[PDB]
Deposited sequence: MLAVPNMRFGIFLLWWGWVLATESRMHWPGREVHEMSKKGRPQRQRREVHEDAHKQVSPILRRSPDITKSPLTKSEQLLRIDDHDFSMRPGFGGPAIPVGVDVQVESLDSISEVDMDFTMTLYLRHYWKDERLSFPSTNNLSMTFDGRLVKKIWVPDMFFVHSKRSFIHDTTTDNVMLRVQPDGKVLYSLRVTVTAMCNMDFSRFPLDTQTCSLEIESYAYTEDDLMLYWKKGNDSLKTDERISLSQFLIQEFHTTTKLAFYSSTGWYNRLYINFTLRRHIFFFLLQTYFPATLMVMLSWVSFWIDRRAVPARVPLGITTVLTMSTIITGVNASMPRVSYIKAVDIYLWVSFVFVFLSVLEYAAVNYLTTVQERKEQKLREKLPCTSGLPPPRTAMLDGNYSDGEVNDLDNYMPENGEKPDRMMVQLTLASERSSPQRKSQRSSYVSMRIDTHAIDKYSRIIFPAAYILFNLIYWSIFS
């Protein structure tokens, strides 16, 4: 029996190696296999990865006439001491178990141990949509010991920044992913003390041109279309009125359609500001002709009682586009 080469029953494996003395160092490496999904309303993401641990335990040393190591599956884990890592700020997680538990242990003749397992985790990520669709988001995954403070267990990245590897084909449907790197920081709990925490960081960006074409283009086109009425004969009332009211209806249907396709986040975003300013411009173009028609009727009635282009159209033809251009300059200087 291979489990008799390790004196399992001759040691108390409820205590850590080196108990009573200096803390035992534990090194960590991570390989990221895929990014599975992201939820903008609930603000979280899901990842699948391999987690590997390295440490030494003299109680597991065994004699050998060669330098070959012994390999075990997950059934040995319950018989020896292993580190208790957990994921901070996670919502749910599990260890894969088909066709059996995806866990491995390798023991060297001198007592060095490698511990490897495959896991899927869902973690929280606070997001800010104020600058949508030009926003940038930063996310992280955090690893910590549950029960051992830094006086008993010292947790560190085994090879610094070389400890993190990512799959060549990692991708998300609606985002671009960039800038993977690692950091470390100490955390304090008033209940028990100081702990080491490890971080994996990355950044997300959107495809700007899709949103420009889908949203900003039609609204600008409809605003430009509302300016055509300034060049139409003011005596053609049955042509001037329906054009304005139909332009208002078209802009309203565009805004409703755009609202239906964005994530349901109930606060003000940059694209909403652009759309509602455009709507106001279209509304004012109808008020302009109402004023023109009333003044012309008044003048004709006065002339008959006593017995060319109106100035308002001439000024509007210049004033409306200049104001829209100025608004665009200010908007794009503010929101980049």
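**Q** Could you give the ranges of the deposited sequence that carry no C-alpha coordinates?
**A** According to the deposited record, C-alpha coordinates are absent for 1-73, 381-450, which together make up the missing parts.
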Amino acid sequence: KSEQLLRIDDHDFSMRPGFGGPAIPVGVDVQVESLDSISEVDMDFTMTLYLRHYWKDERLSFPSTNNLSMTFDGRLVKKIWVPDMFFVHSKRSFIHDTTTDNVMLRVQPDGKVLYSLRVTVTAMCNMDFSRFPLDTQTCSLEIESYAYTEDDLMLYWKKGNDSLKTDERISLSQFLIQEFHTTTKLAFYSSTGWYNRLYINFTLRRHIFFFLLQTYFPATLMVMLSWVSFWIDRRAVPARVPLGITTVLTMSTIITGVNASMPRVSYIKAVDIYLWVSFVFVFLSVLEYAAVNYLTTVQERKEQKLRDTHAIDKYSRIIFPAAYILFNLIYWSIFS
From here on, numbers count along this sequence of modelled residues.
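Only the largest set of C-alpha atoms that superpose within 1.5 Å between the two forms is called the rigid core.
**Q** Given a rigid core fit, name the stretch, 68-76 or 173-181, whose C-alphas are on average farther from the form shown here in 9 other deposited structures of this protein.
**A** Looking at 68-76 versus 173-181 in 9 other deposited structures of this protein, the farther one turns out to be 68-76.
**Q** Comparing 191-199 with 242-250, which has C-alphas lying farther from the shown form in 9 other deposited structures of this protein once the core is aligned?
**A** Output: 242-250, the stretch lying farther off on average in 9 other deposited structures of this protein.
**Q** Of the other PDB entries for this protein whose models extend past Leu306 on both sides, does at least a third leave it without coordinates?
**A** It is, since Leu306 is left out of at least a third of the other entries that model both flanking stretches.
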